[PDB]
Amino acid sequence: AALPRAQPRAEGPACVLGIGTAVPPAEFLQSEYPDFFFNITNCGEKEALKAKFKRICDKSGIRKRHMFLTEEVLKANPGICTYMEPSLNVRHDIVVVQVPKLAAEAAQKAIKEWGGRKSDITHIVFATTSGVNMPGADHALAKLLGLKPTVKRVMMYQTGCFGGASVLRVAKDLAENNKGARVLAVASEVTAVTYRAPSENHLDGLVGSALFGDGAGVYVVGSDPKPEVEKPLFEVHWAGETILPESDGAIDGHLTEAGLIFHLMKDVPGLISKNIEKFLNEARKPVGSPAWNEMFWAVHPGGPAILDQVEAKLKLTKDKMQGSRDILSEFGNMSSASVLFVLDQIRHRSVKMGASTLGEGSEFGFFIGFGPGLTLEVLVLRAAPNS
């Protein structure tokens, strides 16, 4: 009766074999953004609203963001510079090209660090919140990179900010269940679907307009690395998620004729910081439950309040969130891509300080995203040694 596994499985844990990131060229200094944004949307006369926005920017912890929506692009697309005029068609015209294009730039870098050849990529796992299309961005990316026609694809549209953890969770099972599989784990965001003129009737929309920026991250993921040929940077040992208690309805994202509109209905930093430790306490058990300050912390930088309140609740030393805060400062909140950048920055900090691992000297760490649900996604990683 029983048969051998027809598609052989792999043995070791899924590993991050290479990392690449990309952003649009134009930089928007947060200190100059209130004036630019309120002028380009024809709201320069709303002095009281603008002062509220400037106070968000001053406290946002963001120094700059990268955006494809330059002044030239926004003038070419006046519907995007309105509050609620129909504009989804011209928004989609931007993102269906730019989202896979940005992913392709990051993927070339990840493939270069990995060291293998692109015809050995067997899967694409792709998250975004920036529009949808048919064929999907995964198909577009496969063509941009010239991958084999048989590449297996998991396209996760409309994730929200937890999508970076989502692609790593899916890559884990695809890599581990398939001998030789090499997975492009992809997250790419371009804010042309959420960009919106400020309004006193959408004060929570001011937050998104202060925090959201563009970027893409790509990991090559695979089990059983070839000795002396492939070099694992991180091993993925655990992947899980949970809806947080009493958080239902915290975040709504309606895709409309006027693009994507977020509504914030509950205290997202408070809900995460109140509930995160009980879930993290289960997640760390299969690696021996190290203490919080014996771990590294690749946390999605959704905003300074989330980072500040999680830090305070868990009593973490200030270095733990520094990687996340570095990414918030130089890139803002890049939705699903952000946390892929954070893990890379923790690796960069480790090399610069000469730590004993790529997790700044910690053996194990968390890779954390969160989003509508409220959904909390957590992976437990092991950082490779650093000499």
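All residue numbers are counted from 1 along the displayed sequence.
Higher mean CA B-factor, judged across 167-175 and 250-258 from the recorded values: 250-258. The mean C-alpha temperature factor is higher for 52-60 when 345-353 and 52-60 are set side by side.
The residue among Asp308, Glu241, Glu235, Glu189 whose C-alpha carries the highest B-factor in the deposited model is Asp308.
Among the modelled residues of the chain, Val378 sits in the middle third by CA temperature factor in this PDB entry. Residue-level temperature factors show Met67 in the middle third of its chain, judged at the C-alpha atom. Ranked by C-alpha B-factor against the other modelled residues of its chain, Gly222 falls in the lowest third. For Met321, the recorded CA temperature factor ranks within the middle third of the chain's modelled residues.
For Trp114, the recorded CA temperature factor ranks within the middle third of the chain's modelled residues.
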